[PDB]
Amino acid sequence: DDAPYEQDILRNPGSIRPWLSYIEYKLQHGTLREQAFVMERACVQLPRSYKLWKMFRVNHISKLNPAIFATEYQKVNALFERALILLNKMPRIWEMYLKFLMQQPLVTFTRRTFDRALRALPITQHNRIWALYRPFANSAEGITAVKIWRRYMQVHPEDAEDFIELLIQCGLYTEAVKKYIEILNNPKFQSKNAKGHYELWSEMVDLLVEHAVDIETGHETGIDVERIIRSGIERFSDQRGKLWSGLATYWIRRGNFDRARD
Amino acid sequence: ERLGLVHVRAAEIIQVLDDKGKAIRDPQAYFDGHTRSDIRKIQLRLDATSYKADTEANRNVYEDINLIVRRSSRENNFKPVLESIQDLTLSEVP
Amino acid sequence: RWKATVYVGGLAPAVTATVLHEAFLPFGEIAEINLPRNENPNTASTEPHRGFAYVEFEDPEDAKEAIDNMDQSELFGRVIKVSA
Amino acid sequence: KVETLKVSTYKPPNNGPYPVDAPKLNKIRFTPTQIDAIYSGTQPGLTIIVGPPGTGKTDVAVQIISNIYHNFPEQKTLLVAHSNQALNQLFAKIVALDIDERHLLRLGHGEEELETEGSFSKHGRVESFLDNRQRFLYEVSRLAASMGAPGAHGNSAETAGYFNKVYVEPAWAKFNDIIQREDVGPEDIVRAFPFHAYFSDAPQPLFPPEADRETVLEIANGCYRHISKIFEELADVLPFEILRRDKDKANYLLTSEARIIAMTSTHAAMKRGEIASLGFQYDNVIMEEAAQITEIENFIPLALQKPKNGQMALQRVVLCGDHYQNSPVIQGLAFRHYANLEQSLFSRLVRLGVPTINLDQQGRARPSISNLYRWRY
């Protein structure tokens, strides 16, 4: 039954029409293992055929029961790896492989494959690629997520308050203070939660007084609590007493009672 | 006072613009071609401490400024070295 | 034919019909490749094309896949935009 | 303590059958004082080399740089010079010697004329990387055509490396299994060698008929090392293809890619903030004209990087200078005389009493002129 299609394939090896006809015939009449072998041979002979490999991955995913184990998961991973070896510039293939890695519990290899995705794809597709990348960070959490979202600030600085929340949750208040200084120095940030300049100043003084012992001062980190609070004194004269009380409570949180009194 | 020099303000060359205020995209082509005007503009970064001192003293130092003096790069690369040594001083263990 | 045709703009002057066909062959068979040459003699540019081309594929699904592939993609060092 | 120098030899690994792959060897005969200076520079710590003009200070420094480069691939060497002519002489002597241009890097003003054959600036190194990328991608395309693999695998560096890992590595593993089979002779190794089609452009024969199994394996390993060197060059190029901005490419080259980075002391002083912001991780610093450069202008290279674990990552410092030569240029007479700004680190250390190695043979001028400055030295 496959003999005329194989003859057509041998007559036109570089053409996609005999492969399409033979794949359609196997889909109409052939069995699942026969179809898998047929599109495997198709992907072997024409590895640049994104359409034929797309039907191959559609048939493979449709036959994939989610109850089947990591052996078939790694088989699909190897097929995706070959397709990205020879078709590295396809954002749809990258998106499907990253969705399959969302399905798998493979956090670290997913992050490394994402770094490969950034390294292969241009900046215009990086919008889609980051849009699929950030819920992985929101699910994974921790130092991996803050590395992710540091690169996300490298590409797109808009969610500063969300990164503030992750830094507070993780315990990186020194980097949070440095980020505070950088974002407030940038005179273009608008908070999406309707937080004004004084609301941001309250956020700095509140985080500093809540973790005074976790802030590494000095010029190496760029953090000078006395200088920043005195800058707030000379800038926001309405809440000068609030800033003085915040500095004093920061000093008593640190334990420097005599300097608090001074 | 003997030379009459009253005010010296350090300024940072940021860029040089033509008479129309447009960026010189090709300096070599601008030098080779016939310039329509001999009037140029210089966008400068003034000294921050000097500007703040003039603002708090309410003195028209910049309005009284009437000369510009340039120097060679080899003898004028002094402020990044001084800034680097100041950063080293603010650092503890070098 | 209009639904199966994808317009690719922002192409470099070195991009040709053969290069466009080789790029679009991965998404499927391309029925035609029309490159609008700079036929105007008043323009002093030496570019062989106008920077825009139309690739008509055999299937609308293949045309949509080619549009999604070449849309905002890097082609010959320049950003090419593919639209329906 | 009469040291026993246990001298051992190893067969040099072949880098390929091409005459270009033959490594460059040193041709000058160093004096015992120069050899002791080279030994002290290679050994960790502080090395002080007092060299009169024409005594091969640059030759000794370049020899130490090459020895460090060959011995420690993980260490970084920071070249500090006083003049662009000295930087050009150092680069030319390295190029006469053997350090890869993918690791060689010069930092300085972009308007300065480069007397060297290769452009060692940031954009020049980027252009050289792109030219090497094109040449090695053509080589990978030729290799794929010789192997008969489908598709054009010389599209990019990542595709070339993936093609290597997919095809050549299982083939090399099968060839290594054939070699490890004890019943396989040299002729069987020759016929099982799979890179004959790719290395057909090599000077024939690839394997001599009188050659035995050891040197046949050496030639096969040299061909495989040439292939792996091409693929490693492409893998090193690949981050430059990944990055889109030339400033990003130069920053990545300075931080990670380059193992030997050269500049002037004034450039290091004005770029101390940018280097510390980028987080440089140098291990050894070698500098020239220490009597011609002031003290803090040379301490800035010693504190370019960020301290870690309560100390510095610096291991070797090399001071190639001559305290009997001219002082630096200081305009102020009061700072010249009273403040002692003219004295340098070289003069201060030789006055304090640090052990120095003095070069005692000149190779520049006539015997009369050698006496005419030997009355001083």
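FYI, side chains are in, hydrogens and waters are out, and symmetry mates aren't considered; it's all heavy atoms of this structure. Chain letters run A, B, ... following the sequence lines, proteins first and then strands; every chain starts at 1.
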Would you find more than 12 non-hydrogen atoms of other residues, nucleotides or ligands less than 6.0 Å from [X] atom [atom1]?
{"X": "D/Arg225", "atom1": "CZ", "value": "yes"}
{"X": "A/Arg150", "atom1": "CZ", "value": "yes"}
{"X": "A/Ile61", "atom1": "CD1", "value": "yes"}
{"X": "D/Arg142", "atom1": "CZ", "value": "yes"}
{"X": "A/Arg151", "atom1": "CZ", "value": "no"}
{"X": "A/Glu24", "atom1": "CD", "value": "no"}

Tell me which donor-acceptor pairs under 3.5 Å the side chains of residues 214-228 of chain A have, and how far apart each pair is, sequence neighbours excluded?
unit_1, atom_1, unit_2, atom_2, d
A/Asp214, OD2, A/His211, ND1, 3.0
A/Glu220, OE2, B/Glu92, N, 3.3
A/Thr221, OG1, A/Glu216, O, 2.6
A/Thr221, OG1, A/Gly218, O, 3.4
A/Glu226, OE2, A/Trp251, NE1, 2.4

Result block: side-chain N/O donor-acceptor pairs under 3.5 angstrom for residues 161-175 of chain D, not counting sequence neighbours:
unit_1, atom_1, unit_2, atom_2, d
D/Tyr162, OH, A/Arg116, NE, 3.1
D/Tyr162, OH, A/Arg116, NH2, 3.3

Problem - Spatial distance of atom NE2 (D/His153) from atom CG (A/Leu86) [nearest 0.5 Å] - result: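 These two atoms lie 5.5 Å from each other.
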Handout entry: Separation between CG of A/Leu84 and CD of D/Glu158, rounded to the nearest 0.5 Å
Key =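 It comes to 8.5 Å.
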Practice task
May I ask you to decide if D/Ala152's main-chain N or O and A/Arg48's side chain share a donor-acceptor pair within less than 3.5 Å?
Solution key: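 Checking the backbone N and O of D/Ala152 against the side chain of A/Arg48, a donor-acceptor pair under 3.5 Å is found.
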Practice task
Kindly give the heavy-atom pair with the smallest separation between A/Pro122 and D/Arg244, and that separation in Å.
Solution key: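 Minimum heavy-atom contact is CB-NH2, 3.7 Å.
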Practice task
Would you sort out whether A/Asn88 and D/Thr159 count as a side chain to side chain contact (heavy atoms under 4.5 Å, CB included), showing the intermediate values?
Solution key: CA-CA 8 Å; A/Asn88 52 350; D/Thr159 61; 3.4 Å; yes
Handout entry: Residues of residues 101-112 of chain A near chain D, each having a heavy atom less than 4.5 Å away
Key =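 Interface residues of residues 101-112 of chain A: none, nothing closer than 4.5 Å to chain D.
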Problem - For D/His267, ring pair (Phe, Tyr, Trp, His ring centres under 6.0 Å) partners two or more places apart - result: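 Ring pair (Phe, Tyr, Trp, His ring centres under 6.0 Å) list for D/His267, sorted by chain: empty.
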Exercise for the section: Tell me, for D/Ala160 versus chain A, whether the close heavy atoms (under 4.5 Å) come from the side chain, the backbone, both or neither. Expected result: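 Neither the backbone nor the side chain of D/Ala160 comes within 4.5 Å of chain A.
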